[PDB]
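Below is one structure; the comments refer to it alone.
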2 protein chains.
Amino acid sequence: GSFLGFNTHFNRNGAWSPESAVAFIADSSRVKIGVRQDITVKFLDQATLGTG
Amino acid sequence: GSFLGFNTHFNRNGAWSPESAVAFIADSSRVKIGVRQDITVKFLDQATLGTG
């Protein structure tokens with residue numbers, strides 16, 4: 001195995017598009033993901049979904 | 001009165017259809033009513049009822 005010097009991450013959630021790319025190589029210091037609100041759950045028992 | 005031996009139940013909630021029957025006679029051991037949930041009440045205060 002010979003990708004030493006890369007931190008390697010494997011997509012497992014089905015987001016990968018194999019027709020578009022095999023891999024991305026990046027300087028990770030220059031990519032940032034802002035988390036404004038993490039995944040939150042609200043139980044609905046009275047709401048209306050859609051119209052008409 | 002001559003309805004001898006029978007346990008008599010008189011219907012009074014208006015479900016009776018006098019055009020269909022005078023009486024049913026049954027072996028009551030052979031009828032079962034399944035109760036999955038007896039009458040329960042929910043207080044609604046945000047819901048929408050109906051459409052248009």
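Each chain in the structure tokens gets a letter, A, B and so on, in the order shown; residues start at 1 in every chain, and ligands are counted from 1 in the order they appear.
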Overlay target chain B, mobile chain A, all C-alpha paired in order, as an mmCIF file with N, CA, C and O atoms, in the first residue's frame:
```cif
data_model
loop_
_atom_site.group_PDB
_atom_site.id
_atom_site.type_symbol
_atom_site.label_atom_id
_atom_site.label_comp_id
_atom_site.auth_asym_id
_atom_site.auth_seq_id
_atom_site.Cartn_x
_atom_site.Cartn_y
_atom_site.Cartn_z
ATOM 1 N N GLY A 1 -93.205 -13.409 31.960
ATOM 2 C CA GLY A 1 -91.997 -13.278 31.134
ATOM 3 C C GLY A 1 -91.318 -14.639 30.908
ATOM 4 O O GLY A 1 -91.210 -15.448 31.830
ATOM 5 N N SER A 2 -90.897 -14.933 29.675
ATOM 6 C CA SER A 2 -90.606 -16.318 29.256
ATOM 7 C C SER A 2 -89.466 -16.459 28.237
ATOM 8 O O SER A 2 -89.467 -17.378 27.419
ATOM 9 N N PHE A 3 -88.465 -15.579 28.301
ATOM 10 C CA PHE A 3 -87.172 -15.750 27.620
ATOM 11 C C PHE A 3 -86.092 -16.358 28.524
ATOM 12 O O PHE A 3 -84.900 -16.219 28.258
ATOM 13 N N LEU A 4 -86.490 -17.043 29.599
ATOM 14 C CA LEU A 4 -85.579 -17.790 30.464
ATOM 15 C C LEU A 4 -84.712 -18.754 29.638
ATOM 16 O O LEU A 4 -85.143 -19.293 28.619
ATOM 17 N N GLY A 5 -83.469 -18.949 30.064
ATOM 18 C CA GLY A 5 -82.464 -19.684 29.295
ATOM 19 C C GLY A 5 -81.713 -18.844 28.254
ATOM 20 O O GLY A 5 -80.668 -19.290 27.783
ATOM 21 N N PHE A 6 -82.159 -17.622 27.942
ATOM 22 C CA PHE A 6 -81.348 -16.624 27.249
ATOM 23 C C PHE A 6 -80.874 -15.550 28.223
ATOM 24 O O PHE A 6 -81.658 -14.999 28.987
ATOM 25 N N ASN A 7 -79.597 -15.194 28.157
ATOM 26 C CA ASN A 7 -79.114 -13.901 28.630
ATOM 27 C C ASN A 7 -79.597 -12.829 27.648
ATOM 28 O O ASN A 7 -79.238 -12.874 26.473
ATOM 29 N N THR A 8 -80.432 -11.892 28.082
ATOM 30 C CA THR A 8 -81.044 -10.897 27.195
ATOM 31 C C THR A 8 -80.341 -9.555 27.318
ATOM 32 O O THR A 8 -80.143 -9.059 28.422
ATOM 33 N N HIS A 9 -79.994 -8.951 26.186
ATOM 34 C CA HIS A 9 -79.391 -7.621 26.099
ATOM 35 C C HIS A 9 -80.241 -6.734 25.204
ATOM 36 O O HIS A 9 -80.630 -7.144 24.115
ATOM 37 N N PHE A 10 -80.526 -5.515 25.650
ATOM 38 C CA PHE A 10 -81.361 -4.567 24.922
ATOM 39 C C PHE A 10 -80.531 -3.420 24.353
ATOM 40 O O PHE A 10 -79.829 -2.735 25.089
ATOM 41 N N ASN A 11 -80.607 -3.172 23.050
ATOM 42 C CA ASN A 11 -79.918 -2.044 22.438
ATOM 43 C C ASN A 11 -80.608 -0.725 22.802
ATOM 44 O O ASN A 11 -81.774 -0.530 22.474
ATOM 45 N N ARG A 12 -79.880 0.198 23.440
ATOM 46 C CA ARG A 12 -80.384 1.528 23.822
ATOM 47 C C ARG A 12 -79.683 2.704 23.146
ATOM 48 O O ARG A 12 -80.127 3.830 23.290
ATOM 49 N N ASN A 13 -78.592 2.480 22.422
ATOM 50 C CA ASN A 13 -77.787 3.534 21.802
ATOM 51 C C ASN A 13 -78.223 3.912 20.377
ATOM 52 O O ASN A 13 -77.486 4.592 19.678
ATOM 53 N N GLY A 14 -79.387 3.460 19.916
ATOM 54 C CA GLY A 14 -79.910 3.806 18.598
ATOM 55 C C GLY A 14 -79.309 3.026 17.432
ATOM 56 O O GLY A 14 -79.605 3.344 16.287
ATOM 57 N N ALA A 15 -78.483 2.008 17.683
ATOM 58 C CA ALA A 15 -77.924 1.165 16.634
ATOM 59 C C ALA A 15 -78.931 0.195 15.998
ATOM 60 O O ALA A 15 -78.691 -0.253 14.881
ATOM 61 N N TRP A 16 -80.026 -0.163 16.675
ATOM 62 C CA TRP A 16 -80.963 -1.171 16.182
ATOM 63 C C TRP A 16 -81.646 -0.781 14.869
ATOM 64 O O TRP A 16 -82.106 0.348 14.714
ATOM 65 N N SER A 17 -81.771 -1.736 13.946
ATOM 66 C CA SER A 17 -82.456 -1.576 12.662
ATOM 67 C C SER A 17 -83.752 -2.400 12.627
ATOM 68 O O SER A 17 -83.726 -3.567 12.222
ATOM 69 N N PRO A 18 -84.892 -1.866 13.103
ATOM 70 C CA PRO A 18 -86.117 -2.640 13.277
ATOM 71 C C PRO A 18 -86.722 -3.136 11.964
ATOM 72 O O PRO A 18 -87.450 -4.118 11.967
ATOM 73 N N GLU A 19 -86.409 -2.520 10.828
ATOM 74 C CA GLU A 19 -86.794 -3.015 9.508
ATOM 75 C C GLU A 19 -86.048 -4.295 9.098
ATOM 76 O O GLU A 19 -86.484 -4.990 8.184
ATOM 77 N N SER A 20 -84.930 -4.618 9.752
ATOM 78 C CA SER A 20 -84.087 -5.776 9.434
ATOM 79 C C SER A 20 -84.322 -6.958 10.362
ATOM 80 O O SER A 20 -84.397 -8.091 9.904
ATOM 81 N N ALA A 21 -84.430 -6.712 11.667
ATOM 82 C CA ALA A 21 -84.556 -7.746 12.684
ATOM 83 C C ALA A 21 -85.426 -7.308 13.857
ATOM 84 O O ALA A 21 -85.436 -6.148 14.251
ATOM 85 N N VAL A 22 -86.085 -8.282 14.464
ATOM 86 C CA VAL A 22 -86.722 -8.178 15.776
ATOM 87 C C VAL A 22 -85.742 -8.568 16.871
ATOM 88 O O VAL A 22 -85.614 -7.840 17.843
ATOM 89 N N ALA A 23 -85.028 -9.682 16.712
ATOM 90 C CA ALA A 23 -84.025 -10.149 17.661
ATOM 91 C C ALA A 23 -82.980 -11.053 16.996
ATOM 92 O O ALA A 23 -83.278 -11.702 16.000
ATOM 93 N N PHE A 24 -81.791 -11.167 17.582
ATOM 94 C CA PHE A 24 -80.815 -12.211 17.265
ATOM 95 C C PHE A 24 -80.753 -13.218 18.395
ATOM 96 O O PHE A 24 -80.720 -12.823 19.554
ATOM 97 N N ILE A 25 -80.715 -14.505 18.077
ATOM 98 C CA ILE A 25 -80.426 -15.563 19.042
ATOM 99 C C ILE A 25 -79.061 -16.119 18.671
ATOM 100 O O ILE A 25 -78.846 -16.481 17.518
ATOM 101 N N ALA A 26 -78.133 -16.197 19.615
ATOM 102 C CA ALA A 26 -76.763 -16.618 19.352
ATOM 103 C C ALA A 26 -76.230 -17.559 20.427
ATOM 104 O O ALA A 26 -76.603 -17.464 21.591
ATOM 105 N N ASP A 27 -75.314 -18.443 20.045
ATOM 106 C CA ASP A 27 -74.385 -19.049 20.989
ATOM 107 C C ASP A 27 -73.254 -18.059 21.234
ATOM 108 O O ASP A 27 -72.352 -17.891 20.414
ATOM 109 N N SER A 28 -73.299 -17.376 22.366
ATOM 110 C CA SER A 28 -72.346 -16.330 22.707
ATOM 111 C C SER A 28 -70.913 -16.817 22.848
ATOM 112 O O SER A 28 -69.999 -16.007 22.766
ATOM 113 N N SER A 29 -70.653 -18.115 23.005
ATOM 114 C CA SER A 29 -69.277 -18.608 23.061
ATOM 115 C C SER A 29 -68.557 -18.439 21.723
ATOM 116 O O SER A 29 -67.333 -18.398 21.677
ATOM 117 N N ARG A 30 -69.307 -18.333 20.623
ATOM 118 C CA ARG A 30 -68.791 -18.279 19.255
ATOM 119 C C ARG A 30 -68.737 -16.881 18.651
ATOM 120 O O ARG A 30 -68.401 -16.761 17.484
ATOM 121 N N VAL A 31 -69.062 -15.835 19.395
ATOM 122 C CA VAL A 31 -68.886 -14.443 18.965
ATOM 123 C C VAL A 31 -67.842 -13.810 19.856
ATOM 124 O O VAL A 31 -67.982 -13.875 21.073
ATOM 125 N N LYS A 32 -66.810 -13.187 19.291
ATOM 126 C CA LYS A 32 -65.808 -12.472 20.090
ATOM 127 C C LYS A 32 -65.562 -11.085 19.534
ATOM 128 O O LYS A 32 -65.477 -10.911 18.321
ATOM 129 N N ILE A 33 -65.450 -10.112 20.428
ATOM 130 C CA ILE A 33 -65.155 -8.725 20.089
ATOM 131 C C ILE A 33 -63.767 -8.427 20.613
ATOM 132 O O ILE A 33 -63.522 -8.489 21.809
ATOM 133 N N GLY A 34 -62.836 -8.115 19.732
ATOM 134 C CA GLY A 34 -61.500 -7.718 20.127
ATOM 135 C C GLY A 34 -61.465 -6.238 20.447
ATOM 136 O O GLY A 34 -61.808 -5.430 19.593
ATOM 137 N N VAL A 35 -61.021 -5.866 21.639
ATOM 138 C CA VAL A 35 -60.743 -4.474 21.991
ATOM 139 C C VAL A 35 -59.243 -4.254 21.885
ATOM 140 O O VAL A 35 -58.480 -4.706 22.732
ATOM 141 N N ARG A 36 -58.801 -3.604 20.809
ATOM 142 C CA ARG A 36 -57.383 -3.307 20.589
ATOM 143 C C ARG A 36 -56.975 -2.019 21.287
ATOM 144 O O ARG A 36 -55.910 -1.960 21.883
ATOM 145 N N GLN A 37 -57.840 -1.019 21.250
ATOM 146 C CA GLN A 37 -57.698 0.231 21.979
ATOM 147 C C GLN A 37 -59.089 0.715 22.367
ATOM 148 O O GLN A 37 -59.936 0.878 21.500
ATOM 149 N N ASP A 38 -59.337 0.940 23.650
ATOM 150 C CA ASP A 38 -60.606 1.512 24.104
ATOM 151 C C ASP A 38 -60.716 3.002 23.721
ATOM 152 O O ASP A 38 -59.752 3.592 23.248
ATOM 153 N N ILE A 39 -61.868 3.640 23.904
ATOM 154 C CA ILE A 39 -62.077 5.043 23.525
ATOM 155 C C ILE A 39 -61.067 5.953 24.231
ATOM 156 O O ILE A 39 -61.021 6.025 25.458
ATOM 157 N N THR A 40 -60.270 6.666 23.440
ATOM 158 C CA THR A 40 -59.237 7.613 23.878
ATOM 159 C C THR A 40 -59.510 8.991 23.299
ATOM 160 O O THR A 40 -60.022 9.107 22.189
ATOM 161 N N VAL A 41 -59.189 10.035 24.060
ATOM 162 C CA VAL A 41 -59.503 11.434 23.749
ATOM 163 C C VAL A 41 -58.219 12.242 23.664
ATOM 164 O O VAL A 41 -57.396 12.174 24.575
ATOM 165 N N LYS A 42 -58.040 13.019 22.597
ATOM 166 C CA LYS A 42 -56.897 13.915 22.422
ATOM 167 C C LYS A 42 -57.389 15.326 22.135
ATOM 168 O O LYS A 42 -58.166 15.542 21.210
ATOM 169 N N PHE A 43 -56.967 16.290 22.937
ATOM 170 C CA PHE A 43 -57.307 17.697 22.756
ATOM 171 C C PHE A 43 -56.416 18.334 21.691
ATOM 172 O O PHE A 43 -55.193 18.288 21.792
ATOM 173 N N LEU A 44 -57.017 18.920 20.664
ATOM 174 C CA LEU A 44 -56.336 19.565 19.553
ATOM 175 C C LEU A 44 -56.527 21.076 19.637
ATOM 176 O O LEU A 44 -57.651 21.554 19.617
ATOM 177 N N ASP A 45 -55.445 21.843 19.646
ATOM 178 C CA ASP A 45 -55.485 23.308 19.612
ATOM 179 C C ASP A 45 -54.734 23.909 18.421
ATOM 180 O O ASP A 45 -55.019 25.037 18.049
ATOM 181 N N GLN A 46 -53.817 23.178 17.784
ATOM 182 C CA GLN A 46 -53.015 23.675 16.661
ATOM 183 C C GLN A 46 -53.295 22.982 15.318
ATOM 184 O O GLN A 46 -52.855 23.475 14.285
ATOM 185 N N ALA A 47 -54.015 21.861 15.300
ATOM 186 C CA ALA A 47 -54.187 21.014 14.118
ATOM 187 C C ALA A 47 -54.901 21.685 12.929
ATOM 188 O O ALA A 47 -55.631 22.660 13.080
ATOM 189 N N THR A 48 -54.749 21.109 11.741
ATOM 190 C CA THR A 48 -55.537 21.447 10.554
ATOM 191 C C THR A 48 -56.491 20.314 10.217
ATOM 192 O O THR A 48 -56.082 19.157 10.172
ATOM 193 N N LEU A 49 -57.756 20.640 9.979
ATOM 194 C CA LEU A 49 -58.808 19.716 9.574
ATOM 195 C C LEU A 49 -59.164 20.003 8.112
ATOM 196 O O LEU A 49 -59.387 21.155 7.758
ATOM 197 N N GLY A 50 -59.205 18.988 7.254
ATOM 198 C CA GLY A 50 -59.474 19.152 5.823
ATOM 199 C C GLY A 50 -58.345 19.825 5.035
ATOM 200 O O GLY A 50 -57.278 20.123 5.564
ATOM 201 N N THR A 51 -58.579 20.060 3.746
ATOM 202 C CA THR A 51 -57.623 20.663 2.797
ATOM 203 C C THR A 51 -58.343 21.548 1.780
ATOM 204 O O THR A 51 -59.528 21.361 1.515
ATOM 205 N N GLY A 52 -57.636 22.508 1.184
ATOM 206 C CA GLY A 52 -58.191 23.385 0.149
ATOM 207 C C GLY A 52 -59.303 24.307 0.656
ATOM 208 O O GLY A 52 -59.229 24.852 1.756
#
```
